[PDB]
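Trainee: File name target-v8.txt; file contents compact mmCIF, C-alpha atoms; full text below.
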```txt
# COMPACT_ATOMS: atom_id res chain seq x y z
CA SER A 1 -16.48 14.93 -7.10
CA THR A 2 -15.84 11.54 -5.53
CA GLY A 3 -14.66 8.10 -6.54
CA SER A 4 -15.10 4.61 -5.10
CA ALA A 5 -13.34 1.43 -6.23
CA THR A 6 -13.14 -2.09 -4.85
CA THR A 7 -9.70 -3.40 -3.96
CA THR A 8 -9.15 -7.18 -4.05
CA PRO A 9 -6.41 -9.41 -2.60
CA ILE A 10 -4.21 -10.91 -5.34
CA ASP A 11 -4.12 -14.33 -3.66
CA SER A 12 -5.36 -16.29 -0.67
CA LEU A 13 -2.76 -14.76 1.65
CA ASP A 14 -3.45 -11.06 0.91
CA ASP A 15 0.09 -10.72 -0.44
CA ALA A 16 -1.05 -7.47 -2.08
CA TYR A 17 -4.25 -5.76 -3.26
CA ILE A 18 -5.28 -4.71 -6.78
CA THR A 19 -7.73 -2.02 -7.80
CA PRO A 20 -9.02 -1.51 -11.35
CA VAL A 21 -8.01 1.75 -13.04
CA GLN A 22 -9.19 3.12 -16.40
CA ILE A 23 -6.44 4.66 -18.54
CA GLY A 24 -6.84 6.36 -21.90
CA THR A 25 -9.55 6.74 -24.52
CA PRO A 26 -11.15 4.35 -25.10
CA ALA A 27 -10.50 3.09 -21.59
CA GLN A 28 -7.84 0.49 -20.99
CA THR A 29 -8.46 -1.10 -17.61
CA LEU A 30 -5.39 -2.19 -15.65
CA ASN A 31 -5.28 -3.64 -12.13
CA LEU A 32 -2.91 -1.51 -10.09
CA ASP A 33 -1.38 -1.80 -6.64
CA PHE A 34 -2.42 1.33 -4.77
CA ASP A 35 0.66 2.30 -2.80
CA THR A 36 0.61 5.00 -0.12
CA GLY A 37 4.38 4.46 0.23
CA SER A 38 5.39 5.73 -3.22
CA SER A 39 4.40 8.46 -5.65
CA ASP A 40 4.65 7.11 -9.21
CA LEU A 41 1.77 5.79 -11.31
CA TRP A 42 3.51 3.27 -13.57
CA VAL A 43 2.19 0.52 -15.81
CA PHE A 44 3.22 -2.49 -17.81
CA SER A 45 2.91 -1.36 -21.41
CA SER A 46 3.44 -2.06 -25.08
CA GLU A 47 6.95 -0.68 -24.51
CA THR A 48 7.90 -3.18 -21.80
CA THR A 49 10.69 -5.57 -22.80
CA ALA A 50 8.75 -8.60 -24.07
CA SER A 51 10.63 -11.17 -21.98
CA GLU A 52 9.69 -9.19 -18.86
CA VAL A 53 5.95 -9.48 -19.50
CA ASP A 54 4.29 -12.68 -18.27
CA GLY A 55 0.51 -12.38 -18.09
CA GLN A 56 0.04 -8.73 -17.14
CA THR A 57 -2.41 -6.48 -18.90
CA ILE A 58 -0.56 -3.75 -20.77
CA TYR A 59 -1.25 -0.10 -21.53
CA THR A 60 -0.81 0.70 -25.20
CA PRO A 61 -0.55 4.47 -25.51
CA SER A 62 -0.70 4.42 -29.33
CA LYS A 63 -4.30 3.16 -29.03
CA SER A 64 -5.30 6.01 -26.72
CA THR A 65 -6.50 9.15 -28.49
CA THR A 66 -5.85 11.22 -25.38
CA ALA A 67 -2.31 9.96 -24.71
CA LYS A 68 0.52 12.42 -25.28
CA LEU A 69 4.22 11.65 -24.88
CA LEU A 70 5.74 13.86 -22.23
CA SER A 71 8.79 15.04 -24.13
CA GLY A 72 12.12 14.13 -22.60
CA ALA A 73 10.62 12.65 -19.44
CA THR A 74 11.89 9.43 -17.91
CA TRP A 75 11.40 7.67 -14.60
CA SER A 76 13.21 5.04 -12.59
CA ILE A 77 12.24 3.68 -9.19
CA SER A 78 13.63 1.21 -6.66
CA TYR A 79 11.47 -0.17 -3.85
CA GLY A 80 12.24 -1.37 -0.34
CA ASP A 81 11.99 -5.03 -1.37
CA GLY A 82 14.74 -4.60 -3.95
CA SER A 83 12.44 -4.48 -6.95
CA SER A 84 12.63 -1.80 -9.65
CA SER A 85 11.20 -0.48 -12.91
CA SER A 86 11.84 2.37 -15.33
CA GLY A 87 10.66 3.91 -18.58
CA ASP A 88 9.15 6.94 -20.32
CA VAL A 89 6.05 9.05 -19.57
CA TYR A 90 2.74 9.90 -21.18
CA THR A 91 -0.03 12.13 -19.98
CA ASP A 92 -3.48 10.61 -20.35
CA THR A 93 -6.92 10.41 -18.76
CA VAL A 94 -7.08 8.25 -15.65
CA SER A 95 -10.24 7.26 -13.79
CA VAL A 96 -10.65 5.41 -10.51
CA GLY A 97 -14.08 4.32 -9.42
CA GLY A 98 -15.81 7.12 -11.31
CA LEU A 99 -13.31 9.89 -10.46
CA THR A 100 -11.51 11.26 -13.51
CA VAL A 101 -8.20 13.13 -13.86
CA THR A 102 -7.16 14.49 -17.24
CA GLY A 103 -3.48 15.04 -17.93
CA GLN A 104 -2.30 12.45 -15.40
CA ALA A 105 1.33 11.36 -15.77
CA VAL A 106 1.23 7.66 -16.72
CA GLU A 107 4.70 6.19 -16.43
CA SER A 108 5.13 3.51 -19.09
CA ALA A 109 7.59 0.75 -18.16
CA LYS A 110 10.36 -0.15 -20.58
CA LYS A 111 12.03 -2.36 -17.95
CA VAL A 112 10.76 -4.15 -14.84
CA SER A 113 12.59 -6.40 -12.41
CA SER A 114 11.89 -10.09 -11.99
CA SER A 115 9.52 -9.84 -9.03
CA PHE A 116 7.18 -7.67 -11.12
CA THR A 117 7.39 -10.02 -14.12
CA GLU A 118 6.71 -13.04 -11.90
CA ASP A 119 3.51 -11.51 -10.53
CA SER A 120 0.95 -11.72 -13.31
CA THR A 121 -1.78 -10.16 -11.14
CA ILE A 122 -0.26 -6.66 -10.82
CA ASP A 123 -0.28 -4.46 -13.90
CA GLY A 124 1.49 -1.54 -12.21
CA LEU A 125 1.44 0.73 -9.19
CA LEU A 126 -0.58 3.84 -8.35
CA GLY A 127 1.36 5.94 -5.88
CA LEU A 128 -0.48 7.80 -3.13
CA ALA A 129 2.39 9.17 -1.01
CA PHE A 130 3.44 12.81 -1.43
CA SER A 131 4.40 14.11 -4.87
CA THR A 132 7.84 15.14 -3.61
CA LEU A 133 8.83 11.45 -4.01
CA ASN A 134 7.80 11.22 -7.68
CA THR A 135 10.75 10.05 -9.78
CA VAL A 136 9.96 11.63 -13.15
CA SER A 137 12.90 13.61 -14.51
CA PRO A 138 13.62 16.33 -15.41
CA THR A 139 10.18 17.60 -14.41
CA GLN A 140 8.63 15.92 -11.36
CA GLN A 141 5.00 14.90 -11.79
CA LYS A 142 1.99 14.88 -9.47
CA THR A 143 0.15 11.87 -8.03
CA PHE A 144 -3.38 11.00 -9.02
CA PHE A 145 -4.60 12.20 -5.61
CA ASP A 146 -2.73 15.49 -5.91
CA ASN A 147 -4.23 16.10 -9.35
CA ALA A 148 -7.75 15.20 -8.15
CA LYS A 149 -7.64 16.95 -4.82
CA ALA A 150 -9.01 20.37 -5.66
CA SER A 151 -12.03 18.79 -7.39
CA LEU A 152 -12.91 16.36 -4.60
CA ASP A 153 -15.77 17.10 -2.22
CA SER A 154 -13.20 16.80 0.61
CA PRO A 155 -9.41 16.49 0.06
CA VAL A 156 -9.17 12.95 1.40
CA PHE A 157 -8.97 9.35 0.42
CA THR A 158 -9.66 6.28 2.54
CA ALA A 159 -8.33 2.77 2.61
CA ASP A 160 -10.55 -0.06 3.80
CA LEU A 161 -8.61 -3.23 3.07
CA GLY A 162 -10.23 -6.59 3.66
CA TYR A 163 -8.89 -9.69 5.39
CA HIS A 164 -9.04 -12.46 2.84
CA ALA A 165 -11.85 -10.43 1.23
CA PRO A 166 -12.42 -7.37 -0.97
CA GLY A 167 -12.37 -3.85 0.39
CA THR A 168 -12.63 -0.29 -0.83
CA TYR A 169 -10.64 2.80 -1.75
CA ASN A 170 -12.74 5.97 -1.62
CA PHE A 171 -11.72 9.41 -2.86
CA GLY A 172 -13.29 12.63 -1.69
CA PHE A 173 -15.58 11.40 1.08
CA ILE A 174 -15.69 9.44 4.32
CA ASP A 175 -18.19 6.57 4.36
CA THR A 176 -19.56 6.77 7.89
CA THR A 177 -21.11 3.30 7.55
CA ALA A 178 -17.72 1.66 6.92
CA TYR A 179 -16.37 1.80 10.48
CA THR A 180 -17.44 1.53 14.11
CA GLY A 181 -16.93 4.10 16.84
CA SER A 182 -15.06 7.27 15.93
CA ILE A 183 -12.09 8.10 13.77
CA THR A 184 -9.04 9.19 15.76
CA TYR A 185 -6.77 11.56 13.89
CA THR A 186 -3.05 11.81 14.44
CA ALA A 187 -0.28 14.11 13.18
CA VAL A 188 1.65 13.43 9.98
CA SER A 189 5.17 14.43 9.01
CA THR A 190 5.68 14.80 5.28
CA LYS A 191 9.42 15.49 5.63
CA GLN A 192 10.33 12.12 4.08
CA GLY A 193 7.49 12.20 1.58
CA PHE A 194 5.49 9.52 3.42
CA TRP A 195 2.32 9.35 5.50
CA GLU A 196 4.57 9.23 8.57
CA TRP A 197 3.05 9.22 12.04
CA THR A 198 3.73 8.10 15.60
CA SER A 199 1.88 5.25 17.22
CA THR A 200 1.41 5.57 20.97
CA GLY A 201 2.22 1.95 21.77
CA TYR A 202 1.22 -1.68 21.58
CA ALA A 203 -0.10 -4.78 23.28
CA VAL A 204 0.32 -8.49 22.57
CA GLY A 205 -2.83 -10.55 22.91
CA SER A 206 -4.59 -9.79 26.18
CA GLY A 207 -1.38 -8.36 27.65
CA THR A 208 -1.01 -4.91 29.13
CA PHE A 209 -0.57 -1.98 26.76
CA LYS A 210 2.98 -0.59 26.56
CA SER A 211 3.03 3.16 26.06
CA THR A 212 5.90 3.94 23.74
CA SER A 213 6.32 6.12 20.68
CA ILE A 214 6.68 4.24 17.40
CA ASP A 215 7.36 6.42 14.36
CA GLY A 216 6.37 4.73 11.13
CA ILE A 217 4.62 5.03 7.79
CA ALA A 218 1.11 4.05 6.71
CA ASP A 219 1.98 2.01 3.64
CA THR A 220 -0.64 0.14 1.65
CA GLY A 221 2.07 -1.10 -0.73
CA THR A 222 3.86 -3.09 1.95
CA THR A 223 2.26 -6.40 2.85
CA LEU A 224 3.49 -6.90 6.41
CA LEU A 225 3.88 -4.99 9.66
CA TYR A 226 7.49 -3.97 10.35
CA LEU A 227 8.25 -2.80 13.88
CA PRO A 228 11.25 -2.44 16.19
CA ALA A 229 13.05 -5.64 17.17
CA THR A 230 12.05 -5.29 20.82
CA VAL A 231 8.35 -5.11 19.92
CA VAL A 232 8.55 -7.99 17.48
CA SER A 233 10.44 -10.20 19.93
CA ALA A 234 7.74 -9.54 22.53
CA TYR A 235 5.05 -10.63 20.06
CA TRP A 236 6.68 -13.87 18.88
CA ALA A 237 7.66 -14.86 22.45
CA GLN A 238 3.95 -15.54 22.93
CA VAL A 239 3.91 -18.16 20.16
CA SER A 240 5.31 -21.57 21.14
CA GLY A 241 8.01 -22.66 18.75
CA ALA A 242 8.33 -19.31 16.94
CA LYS A 243 11.86 -18.28 15.99
CA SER A 244 13.72 -15.82 13.84
CA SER A 245 15.17 -17.67 10.89
CA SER A 246 18.14 -16.09 9.13
CA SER A 247 17.73 -18.49 6.21
CA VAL A 248 14.06 -17.72 5.66
CA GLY A 249 14.54 -14.02 6.43
CA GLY A 250 12.30 -13.41 9.42
CA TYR A 251 10.17 -14.89 12.12
CA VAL A 252 8.55 -18.21 11.35
CA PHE A 253 6.19 -20.23 13.50
CA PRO A 254 4.53 -23.63 13.58
CA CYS A 255 1.59 -23.64 11.20
CA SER A 256 -0.39 -25.46 13.93
CA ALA A 257 -0.18 -22.40 16.23
CA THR A 258 -3.01 -20.14 17.27
CA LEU A 259 -1.62 -16.63 16.97
CA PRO A 260 -2.34 -13.90 19.50
CA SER A 261 -3.69 -10.55 18.40
CA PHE A 262 -1.57 -7.42 18.22
CA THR A 263 -2.85 -4.01 19.26
CA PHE A 264 -1.40 -0.66 18.23
CA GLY A 265 -2.18 2.77 19.60
CA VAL A 266 -3.45 5.79 17.72
CA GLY A 267 -3.59 8.50 20.33
CA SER A 268 -5.77 7.11 23.11
CA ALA A 269 -7.48 4.79 20.62
CA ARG A 270 -6.56 1.16 19.97
CA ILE A 271 -6.58 -0.89 16.75
CA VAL A 272 -6.67 -4.66 17.29
CA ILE A 273 -5.12 -6.89 14.63
CA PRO A 274 -6.58 -10.39 15.02
CA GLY A 275 -4.06 -13.19 15.24
CA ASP A 276 -5.17 -14.78 11.99
CA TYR A 277 -4.15 -11.62 10.11
CA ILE A 278 -0.54 -12.37 11.12
CA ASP A 279 -0.42 -15.81 9.39
CA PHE A 280 1.22 -15.75 5.95
CA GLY A 281 1.20 -19.47 5.42
CA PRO A 282 3.82 -22.12 4.72
CA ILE A 283 7.33 -20.82 4.04
CA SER A 284 7.47 -23.15 1.04
CA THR A 285 4.81 -25.37 -0.46
CA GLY A 286 4.02 -28.23 1.90
CA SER A 287 6.03 -26.94 4.85
CA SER A 288 4.61 -26.97 8.38
CA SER A 289 6.61 -23.82 9.17
CA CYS A 290 4.65 -20.63 8.51
CA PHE A 291 5.80 -17.08 7.82
CA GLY A 292 4.93 -14.36 10.30
CA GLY A 293 3.10 -11.16 9.41
CA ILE A 294 4.93 -9.08 12.03
CA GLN A 295 8.62 -8.67 11.31
CA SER A 296 11.55 -6.57 12.49
CA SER A 297 12.21 -3.21 10.88
CA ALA A 298 15.84 -3.30 12.01
CA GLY A 299 17.94 -2.45 8.98
CA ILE A 300 14.96 -1.13 7.02
CA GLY A 301 15.55 2.19 8.70
CA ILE A 302 11.87 2.92 9.23
CA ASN A 303 8.87 1.19 10.79
CA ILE A 304 6.14 0.26 8.32
CA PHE A 305 2.46 -0.04 9.11
CA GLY A 306 1.72 -2.21 6.08
CA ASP A 307 -1.38 -4.11 5.06
CA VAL A 308 -1.34 -6.39 8.15
CA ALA A 309 -1.98 -3.33 10.30
CA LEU A 310 -4.02 -1.21 7.91
CA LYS A 311 -6.52 -3.97 7.05
CA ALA A 312 -7.57 -4.00 10.74
CA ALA A 313 -8.72 -0.38 10.37
CA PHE A 314 -10.62 2.13 8.34
CA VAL A 315 -7.86 4.59 7.44
CA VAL A 316 -8.29 8.21 6.40
CA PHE A 317 -5.52 9.84 4.41
CA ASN A 318 -6.35 13.50 4.96
CA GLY A 319 -4.73 15.70 2.35
CA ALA A 320 -5.74 19.03 3.84
CA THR A 321 -3.18 21.86 3.92
CA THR A 322 -1.74 20.18 7.00
CA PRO A 323 -2.13 16.46 6.31
CA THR A 324 -3.25 14.04 9.02
CA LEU A 325 -4.13 10.35 9.29
CA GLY A 326 -7.29 8.94 10.80
CA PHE A 327 -7.89 5.43 12.11
CA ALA A 328 -11.13 3.74 13.15
CA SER A 329 -11.97 0.19 14.11
CA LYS A 330 -14.38 -1.59 11.78
```
If you took the structure in this file and wrote it as structure tokens, what would it be?

Mentor:
Amino acid sequence: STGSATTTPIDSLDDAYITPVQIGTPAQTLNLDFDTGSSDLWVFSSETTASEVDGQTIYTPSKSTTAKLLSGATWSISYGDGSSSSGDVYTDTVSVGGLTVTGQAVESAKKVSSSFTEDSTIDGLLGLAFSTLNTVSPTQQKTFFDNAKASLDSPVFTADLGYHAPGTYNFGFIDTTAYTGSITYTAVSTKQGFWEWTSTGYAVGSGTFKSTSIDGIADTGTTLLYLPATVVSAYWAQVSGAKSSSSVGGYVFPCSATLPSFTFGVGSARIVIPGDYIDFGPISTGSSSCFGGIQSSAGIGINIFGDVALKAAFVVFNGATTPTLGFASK
């Protein structure tokens, strides 16, 4: 089998991407944030504290004839941005772009933190990291991809995120018309439960490529590109007037700037992030100071190849017995 679904930016800055997902019978369609950095499929629901719902579409398991409460199961998750959510668990039928999994654990939120409430465009998350990170207790549950894998034509999914435009998540096949050149594959460590890999280096604009190992994660659920302080300083030094602002919480730059590109290495291959992809707009409404899309990972504890990086590539998440990651230009 295969599936194919369009993923759409939630706003004009690509602050996140949503993909429609069918849950239950009859189908209830929710727009979920596909997140290769976590492993829970959780949704706003009829059980979510009313004051914590503000415009989201909810899953109502009582209206699904295939929903079954998973007895005694709860979940609770905390993300890198400080946000959190928790609740109980149903199994139900879940379909993405024509690909169907029966018996999928659907984690129904009883509580969500303010950043989730305040974002009316995201109805939940669909985790695509490794199932070892799944938070359901006392019996850990599998991701949608893990449940689908054996049935797929090939045990892979691909992320093709757009810049200020829609893109595609495919399951079970590689669309050879969706990229240019070849796909370069690179080793993955699953020891931390992530799609963790090592970039071979970087360049800033038309500058010379610096060969240096950068261990990080391919994370569709993180908006920006988080890299070591040395790398990030080298980037922003090429932008007149750019500075790290402790009050804003990262590098900011004059909105009148033309940003240089940023290149990262995948083996001997090179992915070029155009400068415009690194502009996240005014720091506050009406400001002429703009927030940068490349930020320091210092004190995160890991480098994160988030949407800023991934949207410059066609990315293969290869779930073979030994997982690997593939990157192509597009």

Trainee: For range 188-199 of chain A, please output as a ChimeraX atom specification all residues within 6 Å (counting only C-alpha atoms; exclusion window: fewer than 6 positions along the same chain).

Mentor: /A:129-130,132-133,213-218,265-266,324

Trainee: To one decimal place in Å, what is the distance between CA of residue 94 in chain A and CA of residue 22 in chain A?

Mentor: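 Those two atoms sit 5.6 Å apart.
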
Trainee: Given the choices A:312, A:290, A:259, A:50, which gets closest to residue 237 in chain A if the distance is worked out from all atoms listed in the file?

Mentor: A:259

Trainee: Which one of A:104, A:318, A:31, A:12 sits closest to residue 163 in chain A if you count only C-alpha atoms?

Mentor: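 Ranking A:104, A:318, A:31, A:12 by distance to residue 163 in chain A, first place goes to A:12.
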
Trainee: For residue 273 in chain A, which residue out of A:293, A:286, A:228, A:98 is the nearest one, using all atoms listed in the file?

Mentor: A:293

Trainee: Would you mind listing what lies within 8 Å of residue 222 in chain A as number ranges by chain, with only C-alpha atoms counted and same-chain residues fewer than 5 positions away left out?

Mentor: A: 16, 35, 37, 304-307

Trainee: Extract range 287-313 of chain A from the structure I just pasted (atoms: N, CA, C and O atoms) and return it as a compact mmCIF listing (two decimals), in the first residue's frame.

Mentor:
```txt
# COMPACT_ATOMS: atom_id res chain seq x y z
N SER A 287 7.30 45.94 13.83
CA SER A 287 8.72 46.14 14.06
C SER A 287 9.51 46.04 12.76
O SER A 287 9.15 45.27 11.86
N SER A 288 10.62 46.78 12.68
CA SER A 288 11.55 46.61 11.57
C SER A 288 12.72 45.69 11.93
O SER A 288 13.68 45.60 11.17
N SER A 289 12.63 45.02 13.07
CA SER A 289 13.59 43.98 13.44
C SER A 289 12.92 42.63 13.19
O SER A 289 11.78 42.41 13.60
N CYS A 290 13.64 41.74 12.50
CA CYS A 290 13.08 40.47 12.06
C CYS A 290 13.76 39.30 12.75
O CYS A 290 14.93 39.37 13.12
N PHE A 291 13.02 38.21 12.94
CA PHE A 291 13.57 37.06 13.64
C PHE A 291 14.24 36.09 12.69
O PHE A 291 13.69 35.73 11.66
N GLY A 292 15.44 35.65 13.06
CA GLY A 292 16.20 34.74 12.23
C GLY A 292 15.77 33.28 12.29
O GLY A 292 15.33 32.78 13.32
N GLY A 293 15.90 32.61 11.15
CA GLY A 293 15.52 31.21 11.04
C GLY A 293 16.62 30.20 11.35
O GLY A 293 16.37 28.99 11.33
N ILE A 294 17.83 30.72 11.59
CA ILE A 294 18.96 29.92 12.07
C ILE A 294 19.31 30.45 13.45
O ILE A 294 19.55 31.64 13.64
N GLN A 295 19.32 29.56 14.42
CA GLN A 295 19.50 29.92 15.82
C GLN A 295 20.45 28.93 16.49
O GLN A 295 20.67 27.83 16.00
N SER A 296 21.03 29.36 17.60
CA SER A 296 21.94 28.52 18.35
C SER A 296 21.23 27.38 19.05
O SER A 296 20.20 27.58 19.67
N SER A 297 21.84 26.20 19.00
CA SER A 297 21.38 25.05 19.76
C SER A 297 22.00 24.98 21.15
O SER A 297 21.76 24.04 21.88
N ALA A 298 22.83 25.95 21.52
CA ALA A 298 23.51 25.86 22.80
C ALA A 298 22.46 25.81 23.90
O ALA A 298 21.51 26.58 23.90
N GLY A 299 22.58 24.88 24.84
CA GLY A 299 21.53 24.79 25.84
C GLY A 299 20.22 24.14 25.40
O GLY A 299 19.28 24.08 26.20
N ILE A 300 20.13 23.68 24.15
CA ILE A 300 19.09 22.71 23.77
C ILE A 300 19.64 21.34 24.07
O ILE A 300 18.90 20.44 24.48
N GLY A 301 20.92 21.16 23.81
CA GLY A 301 21.56 19.88 24.04
C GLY A 301 21.62 19.00 22.80
O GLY A 301 22.18 17.91 22.84
N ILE A 302 21.05 19.47 21.70
CA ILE A 302 21.10 18.73 20.45
C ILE A 302 20.90 19.73 19.31
O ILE A 302 20.21 20.73 19.47
N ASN A 303 21.53 19.47 18.17
CA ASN A 303 21.25 20.27 16.98
C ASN A 303 20.00 19.76 16.31
O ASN A 303 19.73 18.55 16.30
N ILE A 304 19.24 20.68 15.73
CA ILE A 304 17.94 20.33 15.15
C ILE A 304 17.83 20.84 13.73
O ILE A 304 17.77 22.06 13.50
N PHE A 305 17.79 19.91 12.78
CA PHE A 305 17.48 20.24 11.39
C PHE A 305 15.96 20.29 11.25
O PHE A 305 15.31 19.30 10.90
N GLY A 306 15.41 21.44 11.58
CA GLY A 306 13.98 21.69 11.52
C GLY A 306 13.52 22.11 10.14
O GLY A 306 14.26 21.96 9.16
N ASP A 307 12.31 22.64 10.06
CA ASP A 307 11.68 22.91 8.78
C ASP A 307 12.52 23.82 7.88
O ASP A 307 12.53 23.63 6.66
N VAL A 308 13.21 24.81 8.44
CA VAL A 308 14.05 25.70 7.63
C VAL A 308 15.02 24.92 6.76
O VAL A 308 15.21 25.24 5.60
N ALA A 309 15.63 23.89 7.32
CA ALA A 309 16.53 23.02 6.57
C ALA A 309 15.78 22.01 5.71
O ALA A 309 16.08 21.84 4.53
N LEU A 310 14.83 21.31 6.31
CA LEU A 310 14.15 20.23 5.59
C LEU A 310 13.38 20.71 4.36
O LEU A 310 13.34 19.99 3.35
N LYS A 311 12.81 21.90 4.42
CA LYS A 311 12.00 22.40 3.30
C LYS A 311 12.85 22.71 2.06
O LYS A 311 12.32 22.84 0.96
N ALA A 312 14.17 22.80 2.23
CA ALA A 312 15.09 22.95 1.10
C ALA A 312 15.41 21.63 0.40
O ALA A 312 16.14 21.62 -0.59
N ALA A 313 14.87 20.54 0.92
CA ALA A 313 15.20 19.20 0.43
C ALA A 313 13.98 18.33 0.26
O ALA A 313 12.91 18.59 0.82
```
